[PDB]
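For reference, the structure is listed below as structure tokens.
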Amino acid sequence: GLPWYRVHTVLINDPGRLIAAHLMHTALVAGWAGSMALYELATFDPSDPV
Amino acid sequence: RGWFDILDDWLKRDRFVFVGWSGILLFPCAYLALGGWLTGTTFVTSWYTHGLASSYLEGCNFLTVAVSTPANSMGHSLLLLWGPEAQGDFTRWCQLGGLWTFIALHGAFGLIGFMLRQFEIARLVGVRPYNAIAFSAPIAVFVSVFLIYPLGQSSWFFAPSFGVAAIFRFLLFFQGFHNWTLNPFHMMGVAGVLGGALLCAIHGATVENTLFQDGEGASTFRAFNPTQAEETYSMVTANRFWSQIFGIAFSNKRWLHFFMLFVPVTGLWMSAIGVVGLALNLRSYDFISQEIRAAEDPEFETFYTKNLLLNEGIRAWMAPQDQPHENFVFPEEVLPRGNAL
Amino acid sequence: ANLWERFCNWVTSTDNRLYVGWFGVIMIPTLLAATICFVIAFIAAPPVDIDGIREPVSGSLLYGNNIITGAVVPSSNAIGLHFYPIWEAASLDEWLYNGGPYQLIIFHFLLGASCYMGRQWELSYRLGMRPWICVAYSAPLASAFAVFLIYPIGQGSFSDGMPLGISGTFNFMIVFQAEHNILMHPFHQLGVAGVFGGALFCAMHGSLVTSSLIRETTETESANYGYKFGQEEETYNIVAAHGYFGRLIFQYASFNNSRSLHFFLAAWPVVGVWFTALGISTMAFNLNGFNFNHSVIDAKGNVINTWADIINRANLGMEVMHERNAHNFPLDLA
Amino acid sequence: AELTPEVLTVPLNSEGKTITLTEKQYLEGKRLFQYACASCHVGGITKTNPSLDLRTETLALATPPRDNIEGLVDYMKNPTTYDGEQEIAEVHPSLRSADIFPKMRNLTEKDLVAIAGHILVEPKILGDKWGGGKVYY
Amino acid sequence: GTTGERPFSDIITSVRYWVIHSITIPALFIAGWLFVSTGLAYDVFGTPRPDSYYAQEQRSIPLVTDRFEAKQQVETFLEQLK
Amino acid sequence: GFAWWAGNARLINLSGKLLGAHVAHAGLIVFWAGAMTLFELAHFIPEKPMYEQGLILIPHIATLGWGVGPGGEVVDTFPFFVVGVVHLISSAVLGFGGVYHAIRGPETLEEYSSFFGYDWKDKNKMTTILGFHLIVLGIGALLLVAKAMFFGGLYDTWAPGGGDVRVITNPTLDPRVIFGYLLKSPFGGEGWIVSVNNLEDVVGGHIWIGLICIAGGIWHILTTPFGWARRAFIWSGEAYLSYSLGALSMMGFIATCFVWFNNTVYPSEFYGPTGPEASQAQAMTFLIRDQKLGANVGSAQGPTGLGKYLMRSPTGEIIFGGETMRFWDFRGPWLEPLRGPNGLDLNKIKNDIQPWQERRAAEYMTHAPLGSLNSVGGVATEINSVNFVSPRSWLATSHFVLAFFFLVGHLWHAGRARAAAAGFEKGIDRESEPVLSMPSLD
Ligand code: CLA
Ligand code: CLA
Ligand code: CLA
Ligand code: CLA
Ligand SMILES: CC1=C(/C=C/C(C)=C/C=C/C(C)=C/C=C/C=C(C)/C=C/C=C(C)/C=C/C2=C(C)CCCC2(C)C)C(C)(C)CCC1
Ligand SMILES: CC1=C(/C=C/C(C)=C/C=C/C(C)=C/C=C/C=C(C)/C=C/C=C(C)/C=C/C2=C(C)CCCC2(C)C)C(C)(C)CCC1
Ligand SMILES: CC1=C(/C=C/C(C)=C/C=C/C(C)=C/C=C/C=C(C)/C=C/C=C(C)/C=C/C2=C(C)CCCC2(C)C)C(C)(C)CCC1
Ligand SMILES: CC1=C(/C=C/C(C)=C/C=C/C(C)=C/C=C/C=C(C)/C=C/C=C(C)/C=C/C2=C(C)CCCC2(C)C)C(C)(C)CCC1
Ligand SMILES: CCCCCCCCCCCCCCCCCC(=O)O
Ligand SMILES: [Cl-]
Ligand SMILES: [Cl-]
Ligand SMILES: [Fe+2]
């Protein structure tokens, strides 16, 4: 079968599932940003900007 | 069949030294980088940037000549000949360090040209482009060490100077200041370089000692024809041998040769990453747990603490001369020193 | 059917999963002894007074070391080159304090590695091979002899042999540079050329062969499956490889004889490493690297520094700091 | 910079009289210093007794003052301790002891002046380096 | 195994080759020689002669300390010798 | 069937041309001995110690009694000139015979004479040539004895009064002494045969080896190899070469250590101080200097709690302190007058150090065998000034390199001899590949 390092080539000729993989990546990144913002809000001390 | 295709024809003719479109970039820049280095190491000083002699003309030999970096006060100036520092004065250009940027930048563009040449010839001859791919490791090392590294620091001054002993000095700087030997990215590079040298010696030796007898002479070299279809050595006997000496052995010539590409190329890419970190002084300098214990416990000693004392010797003893622009004056009483020495 | 002849037949049997052989009769025990003592010492040995000044150095994981900083510490300067087996100590406690395990390990390991090289000859003979793989391995082995035995012989003490540790290796390198200016020694320079070039030629050969694999597989499968173990046909096209590389440089700079090429692959790193091992082995007798300190002066007699003088400054800072409590007199003569 | 007569001009005696060395003299004294003295006195220190160097300031405080051609010439003939209280020909090369220090056998009176001259000139050129030790290398 | 150029071992065993290069090779060697022997190389490249690293009573390095006046700094250093 | 770069291997079965090669090559060895000595003599200056002057042949001659007097002072250089001249002349005689046999003489000897002709596989003839050469060598070793005992003696660094030439009238014959050296451990404070420290043992050992070499030469002319020996070895010219490469390698390594540690048959007066010697001498120098100033050197505690000047060795012996604690096994004529039964005697140290011992310690300290490859003397951070590299560093490093490569040559030719003897030095027979007939490992 495919070597492990080629598993994502099954999408080269499959625009719909390429679009689906691109959406999932966009979802992961935006979700990262939401989570990182929240972690920072929970740990940020705003009482002295100096 | 207009002029572009006529020129293409000519660039790509099969001559003693193939030219190609990539030759237009490669040959001037390679020649100039080389030319600049030989010119500077023969005739040009480092008196005004470093306070150093650095050419044959001044008394230096092959080990101590160098095209030294520009002065820290140049910042990251491109130091163009026609630029505002030298103002077209070739002599001043030389004395200010202009040849260092000249060599570094033409060298960079030569390496691009060389790698393009590996792409161009490979396309014309019908091979796959893995040699070009393998050359990315040399490029990553050059760019990370000669360009990225000083760009994170204050100036080109702290780049390596092009010379045998000057590079030796670079190695020693990175120990005293960056503790580079403690860096896991350097360690992976070391494993890749040594791993590759080992692969090289062990694969050549194996092939030469599992040769088929294909001729009658004691010189086994003659008994090879470049066009023969048969393997010239026994992969089966080689595999038995190593399986029984070492436990495991290669069985696939294709994996074997791909592994030989992979190991030194990966090793060099890894070290390049570490040097990027060192551009920022993002060092693997210390182990925090060790320093906490050592500070609290004066009988705790490791090879780790011992090397940092060495590093501290290097810094205090080399910095005044190696960083003259800083006007460091360390009186005798401040130099760290063991007993007697 | 004679009892000794059966044993002899099992020792040299080509049918054992790992070959034993006569060299292996010595190699198996001595490597096991070295390995077992090393594993136990790296984990649990107490601090060792490496420089004989009652300043014990902690090397093991249990006494506050990690993987990078741990070491089996060289035996005490007070012992010098004296033989210090277990049975020469009043107690194991004493043997541990003075660095006994280091001696046990390095002597068993050097023996077993020497028998490793012989075992390579030996199995080559039983399989009908040519003999010289062991000659390639003599380059690494000579290098281990240099830092574990020869350099300690010339300086007078196993306390200056290379520690069996990662940071200890680095300590050894730094102090070697201050005491011998090894960077300026041409045999170390040749070793760098053997090791850089060997890596270079490793990459070159691996990429040139890989560049010229004959199409045997589809895009959806590893090209490795295009080679089958023990096939008689070569799996790549060396004439295509020669045609590429010869055009990349020029024709006569490329090998078209596989036997010469692989011999070159073998020769270059082996010989560079011989020299670098010889470099360590001759600096053991203090024939040090080139000294250009104050070699350039001006018409008045001012010193004009060169990069060699800058190196010297670094070297001085390693010299004055190393073993900072161990010198009472002004010259570090060994 | 260059090796001008001013740098080559050194005190002849403690009275204040001076003498100007030729460059030939200086170079010959440097060679003779390397041949007979540098094995202990490289760079103006003293390997076997670092507490005493060949800096002009130290020689000026020696008894017999040795910061001059005559003082130095005499020292090479009949060396004393720093306070002048005891003669040390038996452990220090000198003409008085050329039997046990055979490199001194072939040294003429003009060689000694050249050696003496070199010692006095060199701190004028190298400054702190001369007699300063590894700190100034 | 050839692309049409004259073989090297043909060229340098030929009499015409050596007739030309017994002149061109020494002449270049001599030119390079004279480039140094006349002291031109020092002036072209700005390299200090052995007598012009320092002023007489000077042991400071004439170190460039400014980016845009660097050219004037060096010239100021060179005058401090003449 | 050899290439030009393996061209001498074409001489294996050409006994007459092979003789020319060996004899011409012996001439090169004699030439260099001759020429190097004349060069050393033309450059020699007697006011300077030999070891300040790059000499390695003249010190070997001096050690045999010629040309020196009390303390190693060179008295007469004519013996030096003679040794070089005679060697030099003798090399033309060897050159002549050498090129004659290699170019003009009979290509092979076995037709011309059954005596000088040989086949490598003739185990009887090979042992007869061995036995002849053993006898020569036994004679060689006796010539040293004869010099020591009947023709002037040898230089004795240990002779009372600074060293001197001394005839040896009671060579050690006791096999427990002679062979006891062969059984000491090579480790510290023992040093195997390198620890030999008096000329009586040196001369007696050569009596023994001389006789043993003659006995064995005679033995091997009269016998043939027994059957176990027949079955243990390869019988071919390249195998015999490989055996000798092994032995020369071992011998080179021994010589390296000899010149590095031994100051008896490598007198330090001539070769410079050993590494241990020089290190000990520095501790002596500063002990002397400091005690002259009033330091009580026995009670001075150093920074580590160990004595600054004097401490104990692991078996109790009073020894020099500082890093030279590693070097306490050193023995030398300038130091032994201070040794009592417990090691360095503190009362002798306070009362009996002599000016000549102070001189000698300063001299050896400042001539330690440390130096750069371009011959800058001293530690690697030293400035230029002193042009010096000890003969012992030159002689140790050079012979470690030759020993090393001769071990590699032993492996090369031993492995190849084995493979050629069995018929696969040229590669694997495609039609009869051994592995293809073995069962698979798994
Ligand atoms: C936009 C960027 C991008 C995209 C879309 C691709 C896409 C592709 N690459 Mg390329 N590649 C990229 C960047 C990119 N690459 C970079 C930067 C490099 C250099 C490192 C490479 C080097 C490279 C090689 C060497 C190869 C490919 C191959 C492929 C194909 C198959 C990959 C696969 O199945 O992986 C499968 C991978 C895994 C199952 C696990 C890998 C896990 C990695 C090592 C670590 C985890 C990272 C982490 C999860 C998230 C990323 C963090 C950060 C990047 C944001 C696919 C078309 C393959 C190919 O050509 O096939 C024909 C192939 O051999 N790529
Ligand atoms: C000590 C070094 C040494 C010695 C003694 C020999 C000796 C020999 N070689 Mg080997 N060889 C050597 C090094 C040496 N070689 C090296 C380094 C190489 C590699 C470059 C070779 C490569 C080589 C090959 C390829 C072959 C030999 C062959 C031979 C033999 C025949 C030579 C012949 O016919 O040439 C004839 C040469 C000449 C007529 C030219 C003149 C030679 C003379 C002797 C010059 C000497 C001048 C000298 C100053 C004389 C002084 C005169 C007076 C004192 C009497 C001969 C016994 C040949 C052989 O084995 O035959 C089967 C052969 O095929 N050799
Ligand atoms: C070990 C070296 C060696 C060996 C084995 C041989 C062997 C041989 N030679 Mg060669 N030869 C040698 C060295 C050697 N030679 C040298 C050095 C020279 C130059 C002087 C010659 C010149 C030479 C010529 C010109 C001829 C031979 C011939 C012969 C053959 C017959 C010899 C004979 O009948 O003499 C029997 C014995 C004698 C005649 C008496 C010799 C006794 C000697 C002189 C005394 C012993 C010397 C001593 C052991 C060491 C020297 C002293 C030194 C330490 C100062 C024989 C194959 C002949 C040949 O090939 O036939 C065509 C021939 O014509 N040889
Ligand atoms: C260059 C010198 C030399 C050489 C090459 C030979 C070669 C040979 N001898 Mg001769 N031999 C010599 C000198 C030499 N001999 C001398 C001088 C004598 C007189 C004592 C003898 C006495 C002699 C006898 C009595 C016999 C031989 C035999 C043989 C053959 C077998 C050798 C063998 O098996 O060794 C291999 C050695 C062994 C298997 C055991 C050696 C054990 C040693 C002592 C232990 C060494 C350990 C250690 C690694 C080394 C350190 C030194 C140690 C002593 C501390 C072989 C042809 C045999 C033969 O066939 O004769 C017809 C035989 O029986 N030889
Ligand atoms: C469905 C839905 C929803 C929900 C959603 C969610 C809940 C989301 C989440 C998401 C998320 C929450 C995500 C996140 C993500 C994350 C990630 C993706 C991460 C990343 C990672 C990585 C990549 C890393 C890496 C690394 C490491 C680990 C180390 C260091 C280095 C690095 C950085 C490389 C809602 C309601 C809205 C709407 C409706 C629908
Ligand atoms: C920079 C510049 C430029 C350019 C320049 C150039 C282009 C140059 C070139 C130059 C050159 C192009 C040079 C060359 C030189 C060379 C040489 C200098 C060589 C040498 C060599 C040798 C020395 C060798 C020898 C040897 C040895 C020693 C050992 C071994 C063997 C052999 C043979 C290798 C221009 C104009 C644009 C302008 C701007 C600036
Ligand atoms: C075979 C052969 C070979 C080799 C050869 C040989 C090795 C030879 C040898 C030879 C020889 C080895 C020679 C010798 C010679 C010598 C001589 C000829 C000598 C003479 C002497 C003289 C004349 C002296 C004089 C003098 C005197 C008496 C005194 C002092 C001074 C003088 C020094 C002047 C070859 C490889 C090439 C080639 C092939 C073949
Ligand atoms: C002179 C002298 C001396 C003496 C010496 C001597 C007495 C000697 C001895 C020596 C000897 C007496 C030696 C011996 C040796 C031996 C050997 C070296 C062996 C060898 C062996 C081997 C090699 C074997 C092998 C084998 C095996 C094991 C198995 C089977 C097979 C074969 C055969 C391979 C002395 C020190 C007192 C002092 C100084 C001088
Ligand atoms: C892509 C190709 C770029 C190559 C550029 C070639 C550079 C041309 C070199 C000539 C530079 C001469 C400038 C010196 C005089 C300028 C005077 C001034 O500063 O105004
Ligand atoms: Cl340290
Ligand atoms: Cl000390
Ligand atoms: Fe290959």
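Just so it is clear, chain B uses Swiss-Prot numbers, and the residues here are 12-352, in order.
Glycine is treated like the rest: Cβ placed from N, Cα and C.
Pulled from Swiss-Prot:
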type	residues	note
BINDING	B:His117	chlorophyll a ChlzD2 binding site
BINDING	B:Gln129, B:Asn142	pheophytin a binding site
BINDING	B:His197	chlorophyll a PD2 binding site
BINDING	B:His214, B:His268	Fe cation binding site
BINDING	B:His214, B:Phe261	plastoquinone binding site
TOPO_DOM	B:54-108	topological domain 'Lumenal'
TOPO_DOM	B:132-140	topological domain 'Cytoplasmic'
TOPO_DOM	B:161-193	topological domain 'Lumenal'
TOPO_DOM	B:218-265	topological domain 'Cytoplasmic'
TOPO_DOM	B:289-352	topological domain 'Lumenal'
TRANSMEM	B:32-53	transmembrane segment
TRANSMEM	B:109-131	transmembrane segment
TRANSMEM	B:141-160	transmembrane segment
TRANSMEM	B:194-217	transmembrane segment
TRANSMEM	B:266-288	transmembrane segment
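Across B:32-53, B:109-131, B:141-160, B:266-288, stretch B:266-288 shows the highest tally of CB pairs under 8 A with the transmembrane segment (B:194-217). Using a cut-off of under 8 A between C-beta atoms, the binding-site residues B:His117, B:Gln129, B:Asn142, B:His197, B:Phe261 that neighbour chain C are B:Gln129, B:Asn142.
Its own atom aside, the Cβ of B:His117 (chlorophyll a ChlzD2 binding site) has 20 Cβ atoms within 10 angstroms in the protein chains shown. Packing against the topological domain 'Lumenal' (B:161-193) from elsewhere in the chain are residues 48, 51-52, 57, 60-61, 65, 73-88, 108, 111-112, 114-115, 285, 287, 289-292, 294-297, 315, 318-319, 321-326, 329, 333, 336: each is 6 or more residues past its ends and has a CB under 8 Å from a CB in it. For the topological domain 'Cytoplasmic' (B:132-140), the residues of the chain that approach it from at least six positions outside its boundaries are 23, 29, 31, judged by C-beta separation under 8 angstroms. Here the Cβ of B:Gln129 (pheophytin a binding site) has 22 other Cβ atoms within 10 Å, regardless of which shown protein chain they belong to. Candidate binding-site residues: B:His117, B:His197, B:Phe261, B:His268. Nearest to B:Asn142 (pheophytin a binding site) by Cα distance: B:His268. In sequence order, B:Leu267, B:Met271 make up the list of same-chain residues 6 or more apart from B:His214 (Fe cation binding site) whose Cβ falls under 8 Å from its Cβ. Highest local Cβ density among the binding-site residues B:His197, B:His268 belongs to B:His268, counted as other Cβ atoms within 10 Å over all protein chains shown. Take the CB of B:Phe261 (plastoquinone binding site) and look out to 10 A: across all protein chains shown you find 18 other CB atoms. Looking at B:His117 (chlorophyll a ChlzD2 binding site) and B:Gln129 (pheophytin a binding site), their Cα atoms lie 18 Å from each other.
Using a 10 Å Cβ-Cβ cutoff, B:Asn142 (pheophytin a binding site) registers 26 neighbours. Separation of the C-alpha atoms of B:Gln129 (pheophytin a binding site) and B:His268 (Fe cation binding site): 19 Å, rounded to the nearest whole number. Secondary structure counts, DSSP: the topological domain 'Cytoplasmic' (B:132-140) has 5 helix, 0 strand, 4 coil. Cα of the residue listed as 'chlorophyll a PD2 binding site' to Cα of B:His268 (Fe cation binding site): a span of 24 Å.
Of the recorded residues, B:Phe261 (plastoquinone binding site) and B:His268 (Fe cation binding site) place their C-alpha atoms 10 Å from one another. Taken residue by residue with DSSP, B:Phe261 (plastoquinone binding site) is part of neither helix nor strand, so it is coil.
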